[PDB]
């Protein structure tokens, strides 16, 4: 079987299967490898006008739309996956979370502490894996599980 959240799917690329995780929104060509009491994650948050607090250290008033936020997230993911930029450099420069100053590190946490969509994605990632866009009331996240 595939690990939690993962499904094999048909891409629209010359009949090639890919794998998609409906908990983390990760997608990849490769079959995924393979739950802990705690995980350690970093994240990059992009807030939008419908965030719980449309404000960050980067911008006193966050006015971008949710759609615009998702396009930003998608672009960061593209740059991370291509190697053009590192997750940590992008989090430090562009995350609307205060954790940006710590390269997005949130430390370790248990189930029952974080916003549930964030928690669920985090615990479905294996160490070293990165999520796709994860939506919470804070905004849209890229999550990297580091331990």
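Numbering follows the first chain given and starts at 1.
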{"property": "Size class of the missing deposited segment between residue 34 and residue 35", "result": "10 or more"}
{"property": "Of 98-106 and 54-62, the stretch whose C-alpha atoms average the higher B-factor in the entry", "result": "54-62"}
{"property": "120-128 versus 9-17 - which carries the larger mean C-alpha B factor in the record", "result": "9-17"}
{"property": "Highest recorded Cα temperature factor - choice among 78, 28, 92, 113", "result": "113"}
{"property": "Ranked against its chain, the third holding the CA B-factor of residue 38", "result": "highest"}
